[PDB]
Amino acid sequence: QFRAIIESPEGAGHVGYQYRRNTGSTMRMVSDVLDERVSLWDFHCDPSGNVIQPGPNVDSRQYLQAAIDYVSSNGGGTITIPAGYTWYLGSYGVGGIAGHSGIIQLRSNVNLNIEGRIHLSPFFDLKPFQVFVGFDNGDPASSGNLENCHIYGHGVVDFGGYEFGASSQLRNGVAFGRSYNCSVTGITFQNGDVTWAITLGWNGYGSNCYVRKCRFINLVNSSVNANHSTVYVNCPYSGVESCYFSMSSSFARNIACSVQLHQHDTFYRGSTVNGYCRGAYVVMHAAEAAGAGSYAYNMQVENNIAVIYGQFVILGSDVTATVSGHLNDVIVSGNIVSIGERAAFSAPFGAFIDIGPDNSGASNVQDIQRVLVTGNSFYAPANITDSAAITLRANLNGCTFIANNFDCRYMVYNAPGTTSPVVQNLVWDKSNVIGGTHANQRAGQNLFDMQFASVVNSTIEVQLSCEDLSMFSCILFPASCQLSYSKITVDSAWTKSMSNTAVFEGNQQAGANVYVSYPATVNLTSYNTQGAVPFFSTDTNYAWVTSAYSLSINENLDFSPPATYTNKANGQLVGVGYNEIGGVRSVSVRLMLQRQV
């Protein structure tokens, strides 16, 4: 019976087709052409083969898994998750992903085109979950790889608004696993309390994984949530570009970071962030060094836009019993960043760059060097005392700042009587512009507060662009901070009225290989001789000065002080001025003091 065959599930396999009636084309059956595509509807059926409508009382998980399993068996393809429907997930998956609280297991070469919505059912309320998992084993070390898996479309993953049940729980959207050529593009992740939205790689295993043109909206909502990083990049040659991240929770302002860059050759570009505590960590964790080595290098954070409450970029490296992690060859450029409206001390200490201790608080394990911070803007509102261009809280082996515009409370800061970092190769070029928003707010404060164990091979070229007479000093070194083989300068513009410009509480500017210059007021007295006549300082704290020159006009007719000075062994300054008429002269002059510059 022909009628019977046609009405049967093999019917389309009996109806002939030839593309556009082209006599040169293949003589196919309708089913062949329909078989070129596949959707969730092709697996979303009961045991008799009748289609099941999705909805809040239907658990779509087993059907989607069957679709992925079947396409995987044919070498791959793309499964569409249809538009105009919400597909709910309502149970855990089984096997290898159960160890990861997994819902769906991803498979190699099987792409998901999510055009409709995927939504978690209340079964998951107060429970852990990882929605899509690419590991195939509960132990990631024993997992196979996931390759050539792409998730893309105009659709949505909705985490149902459910809070965490316990802080120790973990929640994720996509864990690609040991992931090679995998990506998420176009998707909106929203409405949750999760740990991560996407994680790429596993402990350095993976390559060429990307997140592009995704949105992440309101993914922390509770005090229970221990920590949140929206994308964790844990394989090399991988990155995040052109994404949107937004949070509205108060809790997110204290715990949430947009991106973790944790392996070499990784990037974070062209993205916009609002409502987060932190922008990006750039870190080499020794505990994550298995797949790609012990070094994080070629790290790029560029051309992002951010409103955060804590720190924009945080650098780190640490050690384990048998591995040491190193961070080097980093670039941070083109970013425009602000600390959002908040009270002082109400969120983690505001910073553009933070050199942070390790997760246990250790500040003597880091090996961070060859970092370039250039062509960025940073702003914090004037009330935010806790705002810095760099908070330098752990050992630093080098960081270079060129041509940034920093408009916040401090330039360089570390809290006194906390950690005592060892600092090498800190370079603050004169082309860094220091803004004026916090003028008049700096009573008792040092603009560059050098609260370190030691500083070597460092450059700080201070250039103000407006007055701030509230500040205690432009730069201060406590006596506990050794300083050697360094260049510290304070340009005189906007400093004439400052009582202190640079302060060396241990007289460290006297060091043999310290090169400094800064303004000071000096009292001088002359001899009485008519004609060329010496002037000498009354104080004797200039034994370190190599030359000094006048920054003051001479209101006198009958004499002039020296234009330039040198020193004497007793620590006086001395120079030769001119008495048109004789007499002992006394003057108080603003000088530029110079040492070896």
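Note that residue numbering begins at 1 and tracks the sequence as displayed.
Look at the mean CA B-factor for 579 to 587 and for 12 to 20 in the entry; the higher one is 12 to 20. For the two regions 52 to 60 and 38 to 46, the entry's Cα B-factors average higher over 52 to 60.
You'll see in the entry that, of 86, 508, 208, 230, the Cα B factor peaks at 86. Ranking 538, 564, 552, 560 by the C-alpha B-factor listed in the PDB entry places 538 at the top. Among the modelled residues of the chain, residue 224 sits in the highest third by CA temperature factor in this PDB entry. Annotation for residue 30: CA B-factor lies in the highest third of the chain's modelled residues. When the modelled residues of the chain are ordered by C-alpha B-factor, residue 341 sits in the middle third. Ranked against the other modelled residues of its chain, the C-alpha B-factor of residue 137 as given in the entry falls in the highest third.
Residue 572: CA B factor lies in the lowest third for its chain, per the PDB record.
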